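# What the coordinates show
The primary structure of each chain is shown beneath.
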Amino acid sequence: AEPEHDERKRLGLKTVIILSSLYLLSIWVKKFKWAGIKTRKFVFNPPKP
Amino acid sequence: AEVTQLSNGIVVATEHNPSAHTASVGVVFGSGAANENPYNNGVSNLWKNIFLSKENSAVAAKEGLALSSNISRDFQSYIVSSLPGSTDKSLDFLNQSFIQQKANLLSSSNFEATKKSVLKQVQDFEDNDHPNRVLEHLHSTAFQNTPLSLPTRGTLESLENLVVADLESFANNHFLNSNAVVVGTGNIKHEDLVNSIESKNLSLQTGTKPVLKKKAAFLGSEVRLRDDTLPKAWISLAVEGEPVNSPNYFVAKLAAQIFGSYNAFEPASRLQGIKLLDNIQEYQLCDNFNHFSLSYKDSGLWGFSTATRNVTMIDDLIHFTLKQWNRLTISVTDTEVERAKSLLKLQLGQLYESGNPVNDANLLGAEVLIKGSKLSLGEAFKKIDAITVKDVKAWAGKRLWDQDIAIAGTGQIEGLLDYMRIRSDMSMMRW
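Attention shifts here to the overall build of chain A. Within chain A, the secondary structure is distributed over one helix and zero strands. Within the span of chain A, comprising 49 residues, buried residues form 0% of the whole. Considering chain A, the positive charge centre built from 11 side chains and the negative charge centre built from 4 side chains are found 33 Å apart.

Working definition: an aromatic ring pair is given by the centre-to-centre distance plus the angle between the planes. Scanning the entire structure with this criterion turns up 18 aromatic pairs over all chains. Plain terms: the ring middles of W28(A) and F32(A) are 6.2 Å apart, the flat faces sit at 15 degrees to each other, and that makes the pair stacked. Within this pair, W28(A) and its partner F32(A) are both found in helix α1 (residues 5-38), separated by four residues, close to a single helical turn. For the pair shown, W28(A) and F32(A) are each scored as exposed. Judged by centre distance (4.4 Å) and plane angle (10 degrees), the rings of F29(B) and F175(B) are stacked. Here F29(B) is found in strand β3 (residues 23-29), whereas its partner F175(B) is found in the loop between α7 (164-174) and β6 (180-185), with 146 residues between them in sequence.

Attention now moves to the packing of helix α9 (residues 249-259) of chain B against helix α12 (residues 334-352) of chain B. Residues and elements named next belong to chain B. Relative to each other, α9 and α12 sit at 105 degrees, their axes nearing to 8 Å. Taken as axis vectors, α9 and α12 run roughly perpendicular relative to one another. Touching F250, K253, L254, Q257 and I258 of α9 are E336, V337, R339, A340, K341, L343, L344, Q347 and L348, all from α12. Its residues assigned to classes, the contact of α9 with α12 shows eight nonpolar, two polar and four charged.

With that settled, consider the packing of helix α4 (residues 110-128) of chain B against helix α5 (residues 130-142) of chain B. Residues and elements named next belong to chain B. At a closest axis distance of 6 Å, the pairing of α4 and α5 adopts a crossing angle of 95 degrees. Relative to α5, α4 is oriented roughly perpendicular. Of α5, the residues touching α4 (which contributes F125, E126, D127 and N128) are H130, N132, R133 and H137. Tallied by class, residues from the contact of α4 with α5 come to one nonpolar, four polar and three charged.

This paragraph deals with the nonpolar core. Residues and elements named next belong to chain B. The biggest cluster of nonpolar side chains holds 50 residues, and the ones touching the most others in it are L237, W302, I318, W325, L328 and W395. Here the element with the most residues in this core is α9; it accounts for eight residues. Contact partners of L328, with chain neighbours within four places excluded, come to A255, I258, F259, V392, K393, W395, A396 and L400. In this structure, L46, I71, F93 and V118 belong to the second largest nonpolar core, which totals 27 residues.

So, about the UniProt feature "transmembrane region" in chain A. The positions UniProt marks with the feature "transmembrane region" are residues 5-38 of chain A. Taken end to end, residues 5-38 of chain A is 100% helix and 0% strand, and its two terminal C-alpha atoms sit 46 Å from one another.

Residues and elements named next belong to chain B. Looking at chain B, the domain boundaries give domain 1 (1-202) and domain 2 (209-431). The centre of domain 1, based on its C-alpha atoms, is set 28 Å off from the matching centre of domain 2. Counting residues at the interface gives 41 residues for domain 1, matched by 43 residues for domain 2. Three residues, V134, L138 and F143, lead the burial of domain 1 against domain 2; their summed loss comes to 16% of the area buried on that side. Here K374 and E15 are joined by a salt bridge, their closest N and O atoms 3.1 Å apart. Linking domain 1 with domain 2 are 10 residue pairs in polar contact, by the criterion used here. Every element with two or more residues in the side of domain 1 that touches domain 2 is listed here: β2 (11-15), β3, β5 (76-82), α5, α7 and β6.

All names here are of chain B. Read across the open sheet, the six strands follow the order β1-β2-β6-β3-β5-β4; overall the sheet is mixed. Two strands bound the open sheet, and with one partner strand each, they are β1 (4-7) and β4 (66-71). The average angle at which neighbouring strand axes cross in this sheet is 15 degrees, direction not considered. Its contacts with the sheet place helix α13 (residues 357-371) against β2, β3, β4, β5 and β6, and it is angled at close to 145 degrees to β6.

All names here are of chain B. Tracing the backbone shows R423 in helix α16 (residues 419-424). Engagement of the side chain of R423 in a polar contact is seen with the backbone oxygen of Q403, the distance being 3.2 Å. When residues no more than four places from it in sequence are discounted, the contact partners of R423 are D402, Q403, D404 and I405.

Cut-offs used in this document
- Residues numbered from 1 in each chain as written, not as in the entry; some residues may be left out.
- Chains lettered and ligands numbered in written order.
- Part of a larger assembly, values for the part shown.
- Heavy atoms only, no water.
- Helix = DSSP H or I, 4+ residues; strand = E, 2+ residues; numbered from the N terminus.
- Buried < 20%, exposed > 50% of the residue type's maximum accessible area, 1.4 Å probe, protein only.
- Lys, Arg positive; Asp, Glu negative; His and termini not counted.
- Charge placed at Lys NZ, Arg CZ, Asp CG, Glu CD.
- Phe/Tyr/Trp six-rings, centres within 6.5 Å; stacked < 30°, edge-to-face > 60°.
- Axes fitted to C-alpha atoms, helices over the stretch in contact; angles between N-to-C directions.
- Parallel < 35°, antiparallel > 145°, perpendicular 65-115°, else oblique.
- Contact = heavy atoms within 4.5 Å.
- Nonpolar A, V, L, I, M, F, W, Y, C, P; charged D, E, K, R; others polar.
- Core = buried A, V, L, I, M, F, W, Y, C linked by side-chain atoms within 4.5 Å.
- UniProt positions renumbered as here; feature names shortened; annotations may be inferred.
- Domains from an automatic or database assignment.
- Buried area = accessible area lost by both parts, 1.4 Å probe.
- Salt bridge = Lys/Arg side-chain N within 4 Å of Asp/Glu carboxyl O.
- Polar contact = N/O pair within 3.5 Å; in protein donor to acceptor, adjacent residues only side chain to side chain.
- Pairing = 2+ DSSP bridges.

Listed below in C-alpha cells is the structure:
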C-alpha cells in the first residue's frame, strides 16, 4: 500500500531540517529589519496658537 | 599669503595683507558649544551677546571700533575691527573687556536685558529658520549624547535657567591662556602686533587647563520634526564625514563638490555639469539642495540638505541622490573629478581670500587652534590637484558604501520614507 515509505521519510527528514532552519532564520532577519520601528520613540509638544 | 605665528607667554597668530583698508584684532578660544553641557548649553552664545551689548558696544563706537563675535562648535571668538592706525586701541578695548570689565558687563540690568534678547533670538530661529534648524538637529541626532550634539545657540530651556554664575564658571574654565590664541588680520604686521602684546605683561590665570570629556561619535539615526502646516519639506541627510587634520579632508570636500549645490529658479544652476540634475529636473523633485563636508576636531558630516514643494515625490529625490552617491565607489569619471577640482579651488579661494578681515580671523583662528598652524591656499591647491579617481573611490567605499546615515527633517515630510528604505539605498545589488 505504501511502497514509497522508506524514501518518503528520508526526504521528510531533509525537508523538515531545511524548513526549520529557514523558519528560525527568518525570525531573526525580521527582527533585525524591524528594530528601528520597534524601538522608535515619540514626543509631543503642544503647538501654541 | 603669509602665515606668521609665534609664542611668548601667549600664542600670537597673524596674516598680514598690504592693501586692506581696515584691520581686525581678536582672541579665539579653543572651546565652544562642544564643551558645554546639556544644562548650561547656550552659555557661550550668551557671552557673545553681552560682548556686543549696547553698553560695551557704545564704548567701542565712540573710539571708532566695530565689534564682532562668533560661536562655533570647537571654538569661540571675539573680534574688534579698526583702521590700520588704531591697531593699538583695539587691544586696549580687548583687555579692558576681558580683565577690567569681566565683572562690569555682568551687571543685573545688562544680563537680564541680554537674556531677554537671546531668548527671542533663539525662539525666532526655531520658529522660522527651517533649513538651519534642520541642519542643527542633524548634528543633534547624528552625535547624540556626545559633544557635537549640542546646538551653538543653545536650547530655550537651558537658556532661561541660566544665571550670571554660569557665565563666570564657564569663563574661569575655558577663557584661559592655554586655551586661547590672539589673532590679527587686515594689514598690520606680525612684529607690529606682538610688541604691543609683549609690552603689557600680567598672565592672569596661567598654568590653568580646561576640563576634559569623552570623544565624539557618530550614531546612525534620525529625528523627524513633522509639521504639515509648513509649505515645504526640508531635509538633511549625512554619513560620518572627516575631522579637520584628516588625510581625506580634501577628498571628502571634493566629493561634495561633484554633486554641489542647486537652485531650480536660477537658469545657470540648471545647466551645471552634474548628472543628478537630469533626474531631478524632469518632475522638479526640489527647489534646492546643497552638499557639504563639515569638519570638526573629533569628527564631521558628509551629506546634503534640500528643500522641496513636491511633497508626493520626496522618495524619488532621496532615491536619485543616493544612487548618484553610489557612483563614487564604482563609476565616478575623470571629468567629474576634474570639474570638482576646478570648482573646489574657486570656492576655497573665495572663502580664504575675501575683502573682509573678520572672516580671515575666524578662518585663521580656527585652524591654528587645532593644528598649531595654517595651510596656505597655495598648499591646498597642490593637494587638491593630486586627487585621483582612485582616491575618491577608496574614500567613498569606506565612508558612503553600505554605511549608516543620519536624517533630520521638518515640514511636510510624510513622503520621506522609513529609515531602512533610505539606508538600503547606500549601496547596490551585484552578482
